[PDB]
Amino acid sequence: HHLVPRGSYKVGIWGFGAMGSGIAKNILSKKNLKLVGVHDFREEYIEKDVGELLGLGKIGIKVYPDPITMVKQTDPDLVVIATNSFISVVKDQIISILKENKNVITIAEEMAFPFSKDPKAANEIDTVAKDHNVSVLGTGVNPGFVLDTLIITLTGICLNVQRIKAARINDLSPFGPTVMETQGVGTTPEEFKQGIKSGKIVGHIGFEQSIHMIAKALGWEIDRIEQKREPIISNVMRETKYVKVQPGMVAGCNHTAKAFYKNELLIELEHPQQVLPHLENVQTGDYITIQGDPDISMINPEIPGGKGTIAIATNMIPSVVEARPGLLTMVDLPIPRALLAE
């Protein structure tokens, strides 16, 4: 009732890495968004022109050494935070922006649905947001879309849902050595085991967030989540510039999650990640099965993680600016849609 609608929105960015620089380039293309400032803590970006960093020539938008200075001088309506995955780090970044009376989108995986896993941090964020009449959303391809929002959306044509099973199968081949390491690519089984114990081999971050969003959306409770991270052993040679997988070595990580209530399995999410999956007849894609009334079976190849994340983080901007105050989720907002290029 009191919302003043706007026709264009100013955007700032905190974190000018792969995602945040993609986002900046995407915003620059939009008719109804304007990029007004960027911040990153690395000297290689600080005080440089964002246009020139992106290879577009000078556009007169600089990278600020400080995010609060950025916000105060450039006056964005919303800041996109593309920094870290973990609510223990990102919470203070989010709160810093909300205290300067701006909205936030983050792609941090633990922010897609933090209410069950990190209830104190969630409440702290929601409270600051409400106290400053601003909104926060965590989004992304996964978590934020393929294994949560999209699943939920499909249930909208169901009379009732019994259980969900979904899988995202990607190809790690495009990526660099850090990604290869986090999925154990190019390891022996023993090496993989020790990387899992040490945390060097991560698998996927977000299944708990997606499970809890789906559950909340459908009115279910979840009392237990079992996760497994198992090496994907190759029978063939798989090689990129940065990794060599021989037969018997690990080609990546099969991370799966099962969510229960009182020992009834309600949600099963699977995310095998490996290099060159087609070499052993694995087809990449996003696959959703809903068992209910009716049953639904649904994308090949899979939605690209990087490009899709850049996209959705951009595309949600107007909705978040226009949204009610608080810590919001994708389930609270109008359906995602692509914003018009200039």
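Position 1 is the first residue in the sequence shown; the rest follow in order.
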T69 preceded by how many uncoordinated deposited residues after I68 = none
42 to 50 versus 306 to 314 - which carries the larger mean C-alpha B factor in the record | 42 to 50
Of the two stretches 6 to 14 and 328 to 336, which shows the higher Cα B-factor on average in the entry?
-> 6 to 14
Please work out which residue in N103, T256, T153, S198 has the highest C-alpha B-factor recorded for this crystal structure.
-> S198
Largest Cα B-factor, entry values, listed residues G219, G138, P76, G252 = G219
Ranked C-alpha temperature factor of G285 among modelled chain residues, by third | lowest
So where's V179 on the chain's Cα temperature factor ranking, which third?
-> highest
B-factor third for the C-alpha atom of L265 within its chain = highest
For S116, return the chain-relative third of its C-alpha B-factor as stated in the PDB record: lowest, middle or highest.
-> highest
Is the Cα B-factor recorded for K165 in the lowest, middle or highest third of its chain?
-> lowest
